[PDB]
Amino acid sequence: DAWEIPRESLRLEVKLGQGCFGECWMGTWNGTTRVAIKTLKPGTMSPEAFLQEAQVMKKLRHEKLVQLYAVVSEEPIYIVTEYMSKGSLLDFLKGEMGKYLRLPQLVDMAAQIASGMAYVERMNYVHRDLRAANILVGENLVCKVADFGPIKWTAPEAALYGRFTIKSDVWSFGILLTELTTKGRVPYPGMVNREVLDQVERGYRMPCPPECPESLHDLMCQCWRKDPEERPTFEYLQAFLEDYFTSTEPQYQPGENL
Ligand SMILES: *[C@@H](c1c(-c2ccc(Cl)cc2)c2c(N)ncnc2n1CCOC)[C@H](C#N)C(=O)NC(C)C
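Residues numbered from 1 in each chain as written, not as in the entry; some residues may be left out. Heavy atoms only, no water. Residues with missing side-chain atoms left out of burial classes, pairs and counts.

In its metadata, the entry names X-ray crystallography as the structure determination method and reports 2.5000 Å as the resolution.

From N to C terminus, the protein includes eight helices and seven strands. Compactness check: the protein gives a C-alpha radius of gyration of 19 Å against a globular reference of 18 Å for 258 residues, within 12% of the reference. Once the C-alpha set of the protein is aligned to its principal axes, its extents read approximately 55 × 40 × 35 Å. (Helix = DSSP H or I, 4+ residues; strand = E, 2+ residues; numbered from the N terminus. Rg over C-alpha atoms; globule rule 2.2 N^0.38 Å.)

Quick look at the packing of helix α5 (residues 166-181) against helix α8 (residues 234-248) now. The geometry of α5 relative to α8 is characterised by a closest axis approach of 11 Å and an angle of 30° between their N-to-C directions. Judged by the angle between their axes, α5 and α8 are roughly parallel. In this structure, α5 uses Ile-166, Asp-169, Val-170 and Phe-173 to contact α8, whose residues at the interface are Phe-234, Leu-237 and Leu-241. Taken together, the residues of the contact of α5 with α8 break down into six nonpolar, no polar and one charged. (Axes fitted to C-alpha atoms, helices over the stretch in contact; angles between N-to-C directions. Parallel < 35°, antiparallel > 145°, perpendicular 65-115°, else oblique. Contact = heavy atoms within 4.5 Å. Nonpolar A, V, L, I, M, F, W, Y, C, P; charged D, E, K, R; others polar.)

Parsing the protein into structural domains produces domain 1 (1-83) and domain 2 (84-251). The straight-line distance from the C-alpha centre of domain 1 to that of domain 2 is 27 Å. In this complex, domain 1 contributes 14 residues to the contact, which on the side of domain 2 involves 18 residues. Of the residues belonging to the side of domain 1 that touches domain 2, the class tally is six nonpolar, two polar and six charged. (Domains from an automatic or database assignment.)

What follows is about the layout of surface pockets. Here the idea is plain: a probe the size of a water molecule rolls over the atoms and shows the empty space left. By volume, the second largest pocket amounts to about 190 Å³. Considering the residues around the second largest pocket, the lining is formed by 14 residues, among which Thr-182, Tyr-188, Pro-189, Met-206 and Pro-207 are closest to the centre. Each residue belonging to the lining of the second largest pocket can be placed in one class, and the counts come to 11 nonpolar, two polar and one charged. (1 Å grid on protein atoms, 1.4 Å probe; cavity = no way out; pocket = protein on both sides within 12 Å on 5 of 7 lines; lining within 4 Å. Points joined across faces, edges and corners; volume = space filled by probe spheres on them.)

Let us look at α5. Taking 1.5 Å per residue as the helical rise, α5 with its 16 residues ought to reach 22 Å, and the 23 Å between its terminal C-alpha atoms agrees with that figure. With 16 of 16 residues buried, α5 lies mostly within the body of the structure. With a side-chain oxygen lying 3.0 Å from the backbone nitrogen of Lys-167, the N-terminal cap of α5 falls on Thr-165. A positive phi of about 50° marks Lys-183, the residue just after α5. (Expected span 1.5 Å × (residues − 1). Buried < 20%, exposed > 50% of the residue type's maximum accessible area, 1.4 Å probe, protein only. Polar contact = N/O pair within 3.5 Å; in protein donor to acceptor, adjacent residues only side chain to side chain.)

Bringing the sheet that holds strand β3 (residues 33-39) into the picture now. If you walk across this open sheet you meet the five strands as β1-β2-β3-β5-β4, and the pairing is antiparallel. In this open sheet, the two strands that pair with only one neighbour each are β1 (10-17) and β4 (68-72). On average, adjacent strands in this sheet sit at an angle of 30° to one another, irrespective of strand direction. In terms of strand pairing, strand β2 (residues 24-29) meets β3 through six bridges, oriented antiparallel. Bridge pairing in β3 places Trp-29 opposite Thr-33. Contacts between helix α1 (residues 47-58) and the sheet are confined to β3, β4 and β5 (78-81), with β4 contributing the most and set at about 145° to the helix. (Pairing = 2+ DSSP bridges.)

Right, let's talk about the pattern of salt bridges for a bit. This model, assessed by the stated rule, comprises seven salt bridges. With a shortest N-O distance of 2.7 Å, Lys-15 and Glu-23 are connected by a salt bridge. Overall, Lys-15 belongs to the partly exposed group, its relative accessible area being 43%. Residue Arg-231 is joined to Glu-157 by a salt bridge in which the shortest nitrogen-to-oxygen separation is 2.8 Å. Here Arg-231, found in the loop between α7 (214-223) and α8, pairs with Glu-157, found in helix α4 (residues 156-161); they are 74 residues apart in sequence, far enough to count as distant. Relative accessible area serves as the criterion here: at 8%, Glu-157 is assigned to the buried category. (Salt bridge = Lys/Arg side-chain N within 4 Å of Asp/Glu carboxyl O.)

Let us now look at the site of the ligand. As a matter of local geometry, the ligand sits amid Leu-16, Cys-24, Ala-36, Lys-38, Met-57, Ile-79, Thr-81, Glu-82, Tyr-83, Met-84 and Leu-136. At a separation of 3.2 Å, a nitrogen atom of the ligand approaches a polar side-chain atom of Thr-81. In isolation the ligand has 660 Å² of accessible area, and contact with the protein removes 76% of it. Those elements giving two or more residues to the shell around the ligand turn out to be β3 and β5. Taken together, the residues that form the shell around the ligand break down as eight nonpolar, one polar and two charged. (Near = heavy atom within 4 Å. Areas by Shrake-Rupley, 256 points an atom, 1.4 Å probe, with all protein chains shown as cover.)

This is the structure we're talking about:
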C-alpha cells in the first residue's frame, strides 16, 4: 500500500468538522504542502467501518472529485486529501459570499459537478448522498464531490425500495440544481419529510424558482421523472450545462438575484 505514510509528517492546524464519526482539519504534509485531514474516534465507528470510504477514494481519480493524498491506516486513522479553500457549497451559497453569484457562475458550478458525476457514471459507482452540503468549493469556484460513504434529496424508488442507482443520483442532482438557484435554501420550503414523500409520489415537483430560466427548470424536471431510466445521464447534463448559454439560453439577461 503505497498510499500509506508516516505520522510526524502531519501538522493539524485548524479544526473544521466533528461529530459521531470523528473530526476533520486543515493541516500540512511534510512541512510545505497544504492538506485537509479527516480523523476517527475509535469508540463510535469501528476500524474496518471508517476505512470503507478511503478504499473507494483510492480507486477513483478525476479533476472534480476531491483527491486522496495519503492514509494512516493504524488507529487513530487519518485520511489526507487536497484542501478546498472555500468550504462546503451549501455554506458558500448561504453566506455573504454567495449573495453575488448569478446564473453564469452557478451553471458553471453545476457543470463541474456534472463532470465529476459523469466520471462516477463511467466507472459504475453510485454516490447516494449527492447534494450541496457534500460538494466542496475551492479557489476560482472549482466545485468537487466530497462524501464517499435525507428524503428531500433521495429519489423515491431509493428512499422506499432501497434501489440506489446512478439514476437515483440524477434525481438528487436535480434537487442540487434548486440549491444553486435559491442560494442554498432547503428544498420543499415548508414541507416536512413525510409530506414530501406523499406529494412527490403523487406527482408534485418543485416549481421554477424565481428568475430561474424555464429551460433549466425543464432540466430539473427531466432529472425528477418517476421512471429512473427516463432521467438523463450525467454525460448529457454535463454537455447541456457546459453549452447552456450558447445552445439553450443565448438570450440570458442578468437580473436581481440570477
Ligand atoms: C470535513 C472537510 C473535508 C474533508 C472531506 C473529505 C475527506 Cl476524506 C477529508 C476531509 C474538507 C476538505 N477536503 N477541504 C476543505 N474542507 C473540508 N471539510 C469541510 C468542513 O466542514 C465544516 C468533512 C467534509 N465535508 C466532514 O466534516 N465530514 C465528516 C464525516 C462530518
